[PDB]
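# Notes for the structure review
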Amino acid sequence: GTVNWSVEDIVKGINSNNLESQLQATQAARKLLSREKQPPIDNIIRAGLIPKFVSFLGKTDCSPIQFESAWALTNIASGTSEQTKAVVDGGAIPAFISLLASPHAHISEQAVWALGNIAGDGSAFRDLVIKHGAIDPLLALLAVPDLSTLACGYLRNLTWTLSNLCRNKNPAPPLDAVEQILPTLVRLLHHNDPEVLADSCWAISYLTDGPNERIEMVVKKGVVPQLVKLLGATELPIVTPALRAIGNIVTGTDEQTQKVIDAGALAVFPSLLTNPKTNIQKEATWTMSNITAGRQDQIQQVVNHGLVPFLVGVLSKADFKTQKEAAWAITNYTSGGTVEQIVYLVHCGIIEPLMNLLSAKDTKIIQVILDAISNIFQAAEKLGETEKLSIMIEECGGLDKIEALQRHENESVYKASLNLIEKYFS
Amino acid sequence: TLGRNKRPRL
């Protein structure tokens, strides 16, 4: 019936004075736009069909054409920012928000989806969706005693669209919109479906990606323990956003970092720092670096959980970017730690993998490492054991690499190197 | 869904 029409036939049907002919043509458009290989989005836009679809969204008397037009417009809005803009410019936003009230759940769902694509374009369309009043009717759809009574596809779409209203920066979402949405995110974060949980963690990870005030809004809602629990999930689509959220939170104040520690996050990091997915290992090492930048009692909890040998491990062998995060974790540790903690770090074997990384072609990591070596030499000075440390660096081949760096290109490198040789290797 | 910012309905 409606399989593989031409754009010309769709146009002729939508321009007929016959609601049923329009409905068949609109469904044909939906099927064209639903095919996976090169949907003719631009031809549909050039044919002037968007204003027609938008008007069909408002035909309460004909719910099937509401659905078909909602689906067609959803897939146009899923394209480039220029294609999403065409949908917005046709007035789709208020029309989709009206459809959130629809008594047909498959139509309400499609309006949820479309608004997610529009909001997902970026900050401007996200805030415009919010200004048109989308948040109240979206949250109303979740005002049930038990989320389990909703179809899980429906619930996944809602969670995903909410996550897009939490997404993006410059600017971040309006504070009052974030406060409005957070209680529902907290509830969704306790729902058993893996996809809902993942999308909820993504939303939280967006909201914690910013200044300390934004982090605080989230931490104050009490979700850190649930995030730590989700950090231990077996589904990697859950672990990835949960870990990103935890990592964002520990970029905050030392008190916010402490709530991640108190919730038990450090117990999960033996697995995360050896995780076979390179992105998880990198994000976990980054997170560790922002914990070793904290107080001495927080460094001490990293020590107590046995995580220093795991940092030595990733420094010794991992993807290069992970190793660079490990280098940072060590430079922060040595910068803020006590003498005892630095002594312990050396006893765990940090020196050799640290030197081995001076061979790398990345001048920033060379700076980070040289800074770490100075910090350790300073702790040795305080113990009068500068010489044991010089001997240890020399035996593993580190001296060779440091003089090689006397004649390095970057100026910060060669001045830090010379200083080290002048002072400790005379 | 997950971290996709846009997605069509196939």
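Placed above this text is the structure.
## A few points about the overall build of chain A
Of regular secondary structure, chain A possesses 28 helices and zero strands. Computed over the C-alpha atoms, the radius of gyration of chain A is 28 Å, more than 25% above the 22 Å expected from 2.2 N^0.38 for a compact globule of 426 residues. Principal-axis analysis of the C-alpha atoms places the extent of chain A at approximately 95 × 45 × 30 Å. The buried share of chain A, taken over its 426 residues, is 54%. Of the contacts formed within chain A by residues at least 6 apart in sequence, a portion of 69% connects residues at least 24 apart. Looking at chain A as shown, the accessible area adds up to about 18100 Å², and 51% of this sits on carbon and sulfur atoms. Placing the 35 positive and 44 negative side-chain charges of chain A at their respective mean positions leaves the two points 5 Å apart.

## Let's talk about unusual backbone geometry
Residues and elements named next belong to chain A. Omega for the peptide link from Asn170 to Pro171 comes to -5 degrees, which places this bond in the cis form. Tracing the backbone through its elements, the reader meets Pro171 in the loop between helix 11 (152–165) and helix 12 (175–188). Here the phi dihedral of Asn4 falls at roughly 65 degrees; this positive angle occurs in a residue that is not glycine. The residue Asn4 is located in the segment before helix 1 (7–14) in this model. Within the chain, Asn168 stands out as a residue other than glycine whose phi angle is a positive 85 degrees. Along the chain, the position of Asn168 falls in the loop between helix 11 and helix 12. Residue classification places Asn168 among the partly exposed positions, given a relative accessible area of 28%.

## Digging into the packing of helix 12 of chain A against helix 14 (residues 212–220) of chain A
All names here are of chain A. Relative orientation of the contacting elements helix 12 and helix 14 amounts to 20 degrees, with a least axis distance of 11 Å. By the angle between their directions, the pair helix 12 and helix 14 is classed as roughly parallel. Here helix 12 runs over helix 14; the crossing is right-handed. Taken together, the residues of helix 14 that come into contact with helix 12 (itself represented by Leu175, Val178, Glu179 and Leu182) are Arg214, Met217 and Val218.

## Quick notes on the packing of helix 2 (residues 19–34) of chain A against helix 4 (residues 50–57) of chain A
Residue and element names in this part refer to chain A. Where helix 2 meets helix 4, the closest approach of the two axes is 12 Å, and the angle between their N-to-C directions is 115 degrees. Where helix 2 crosses over helix 4, the two elements pack in a sense that is left-handed. From helix 2, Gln22, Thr26 and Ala29 reach across to helix 4, where they touch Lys52, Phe53 and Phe56. When its residues are assigned to classes, the contact of helix 2 with helix 4 shows three nonpolar, two polar and one charged.

## Examining the side chain of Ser200 of chain A
Residue and element names in this part refer to chain A. Tracing the sequence through the fold places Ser200 in helix 13 (residues 194–207). Judged by relative accessible area, which is 0%, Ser200 ranks as buried. Excluding its chain neighbours within four sequence positions, the residues that come into contact with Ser200 are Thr159, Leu185, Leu188 and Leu189.

## Some words on the interface of chain B and chain A
Between chain B and chain A, the contact holds ten residues from the first and 29 residues from the second. For the pair chain B and chain A, the summed buried surface comes to about 1600 Å²; carbon and sulfur atoms form 48% of the total. Area buried by chain B at its contact with chain A is led by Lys6, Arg7 and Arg9 of chain B, which between them contribute 49% of it. The interface formed by chain B and chain A contains one salt bridge. Residue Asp121 of chain A pairs with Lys6 of chain B through a salt bridge whose shortest N-O separation is 2.9 Å. Summed over the shared surface of chain B and chain A, the number is 18 residue pairs in polar contact.

## Here we look at the side chain of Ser69 of chain A
All names here are of chain A. Mapped onto the secondary structure, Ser69 falls in helix 5 (residues 63–77). Engagement of the side chain of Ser69 in a polar contact is seen with the backbone oxygen of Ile65, the distance being 3.0 Å. If we skip the residues at most four places from it in the chain, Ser69 touches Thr26, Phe53, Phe56 and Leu57.

## Considerations on the nonpolar core
Residues and elements named next belong to chain A. If you look at the biggest cluster of nonpolar residues, it comprises 152 residues, and the most contacted ones within it are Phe53, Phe96 and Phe269. Of all the elements, helix 25 (residues 363–383) adds the most residues to this core, at eleven residues. Each residue touching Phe53, except ones within four places of it in the same chain, is listed here: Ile14, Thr26, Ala29, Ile44, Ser69, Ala72, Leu73 and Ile76.

## Quick word on the pattern of salt bridges
Residues and elements named next belong to chain A. Tallying each qualifying case throughout the model produces eleven salt bridges over all chains. Residue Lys85 is joined to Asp89 by a salt bridge in which the shortest nitrogen-to-oxygen separation is 2.8 Å. One end of the pair is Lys85 and the other is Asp89, both in helix 6 (residues 81–89) and four residues apart, which spans about a single turn. The class of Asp89 is exposed, set by a relative accessible area of 53%. Across the pair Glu216 and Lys220 runs a salt bridge whose closest N-O atoms are separated by 2.9 Å. Of this pair, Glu216 and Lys220 both sit in helix 14, four residues apart, which is roughly one turn of that helix. Assessed through its relative accessible area of 63%, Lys220 is described here as exposed. A cluster of three or more residues bridged by salt bridges with shared partners is formed by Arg156, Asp193 and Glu195.

Rules of the game
- Residues numbered from 1 in each chain as written, not as in the entry; some residues may be left out.
- Chains lettered and ligands numbered in written order.
- Heavy atoms only, no water.
- Helix = DSSP H or I, 4+ residues; strand = E, 2+ residues; numbered from the N terminus.
- Rg over C-alpha atoms; globule rule 2.2 N^0.38 Å.
- Buried < 20%, exposed > 50% of the residue type's maximum accessible area, 1.4 Å probe, protein only.
- Contact = heavy atoms within 4.5 Å.
- Areas by Shrake-Rupley, 256 points an atom, 1.4 Å probe, with all protein chains shown as cover.
- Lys, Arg positive; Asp, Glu negative; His and termini not counted.
- Charge placed at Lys NZ, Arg CZ, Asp CG, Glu CD.
- Axes fitted to C-alpha atoms, helices over the stretch in contact; angles between N-to-C directions.
- Parallel < 35°, antiparallel > 145°, perpendicular 65-115°, else oblique.
- Left-handed = near helix turned anticlockwise from the far one by under 90°.
- Nonpolar A, V, L, I, M, F, W, Y, C, P; charged D, E, K, R; others polar.
- Buried area = accessible area lost by both parts, 1.4 Å probe.
- Salt bridge = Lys/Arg side-chain N within 4 Å of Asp/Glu carboxyl O.
- Polar contact = N/O pair within 3.5 Å; in protein donor to acceptor, adjacent residues only side chain to side chain.
- Core = buried A, V, L, I, M, F, W, Y, C linked by side-chain atoms within 4.5 Å.

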